[PDB]
Amino acid sequence: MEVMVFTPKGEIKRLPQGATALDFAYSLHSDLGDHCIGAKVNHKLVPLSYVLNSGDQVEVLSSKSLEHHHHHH
C-alpha cells in the first residue's frame, strides 16, 4: 500500500510503503533535497527517519543558501 502526500505547491507525490522524509526529498529534487537540514510534517516537527503518513502534508526544510565554492574542491 503506497502513501499519498502533498507538497507546498499542492502537487501529488506518491511514495512506497516504508517511505521516509529522506525519500520524499529525493522525489522533489536532488540538489535541493541534499540541502535538506530538517523536515516538517503536518505543521509539526519530525525527525528525518520519521515515517510519512497519508493525507498529511510534507515540507522539507532547506536553507536555500546561495553560497557556492564554500567547501574546498
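Placed above this text is the structure.
What counts as what
- Residues numbered from 1 in each chain as written, not as in the entry; some residues may be left out.
- Heavy atoms only, no water.
- Buried < 20%, exposed > 50% of the residue type's maximum accessible area, 1.4 Å probe, protein only.
- Helix = DSSP H or I, 4+ residues; strand = E, 2+ residues; numbered from the N terminus.
- Arc of directions from axis to C-beta.
- Contact = heavy atoms within 4.5 Å.
- Pairing = 2+ DSSP bridges.
- Polar contact = N/O pair within 3.5 Å; in protein donor to acceptor, adjacent residues only side chain to side chain.

1. Focus on helix α1 (residues 21-28)
Next, step 1: All of the buried residues in α1 are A21, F24 and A25. One side of α1 carries all its buried residues, which in axial view fall inside an arc of 105 degrees.
Next, step 2: On its buried face, α1 sits against β1 (3-6), β2 (12-15), α2 (31-34), β3 (36-41) and β5 (58-62).

2. What about the sheet that holds β5?
Within a beta sheet, neighbouring strands are joined by backbone hydrogen bonds and run either parallel or antiparallel to one another.
Next, step 1: Pairing is antiparallel across the open sheet formed by 3 strands, whose spatial order is β4-β3-β5. Bordering the open sheet on either side are β4 (44-45) and β5, each of which pairs with just one other strand.
Next, step 2: As paired strands, β3 and β5 are joined by 5 bridges and run antiparallel to one another. Its bridge partner being in β5, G38 is matched across the sheet by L61.

3. Some points on the pairing of β2
Consecutive residues of a regular strand have side chains that alternate between opposite faces of the sheet.
Next, step 1: As paired strands, β1 and β2 are joined by 4 bridges and run antiparallel to one another. Pairing of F6 across the sheet is with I12, part of β2.
Next, step 2: The hairpin turn running from β1 into β2, its antiparallel successor, is 5 residues long, and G10 in that turn takes a positive phi close to 80 degrees.

4. Some points on the environment of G18
Next, step 1: You can see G18 is positioned in the loop between β2 and α1.
Next, step 2: For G18, a relative accessible area of 60% puts it in the exposed group.
Next, step 3: Along the sequence, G18 and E2 sit 16 residues apart, while their C-alpha atoms lie 8.6 Å from each other.

5. Side note on the side chain of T7
Next, step 1: Its location among the elements puts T7 in the loop between β1 and β2.
Next, step 2: With a relative accessible area of 6%, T7 lands in the buried category.
Next, step 3: Polar contacts involving the side chain of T7 include one to the main-chain amide nitrogen of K9, which spans 3.1 Å.
Next, step 4: Filtering out sequence-adjacent residues up to four positions away, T7 remains in contact with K13, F24, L28, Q57 and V58.

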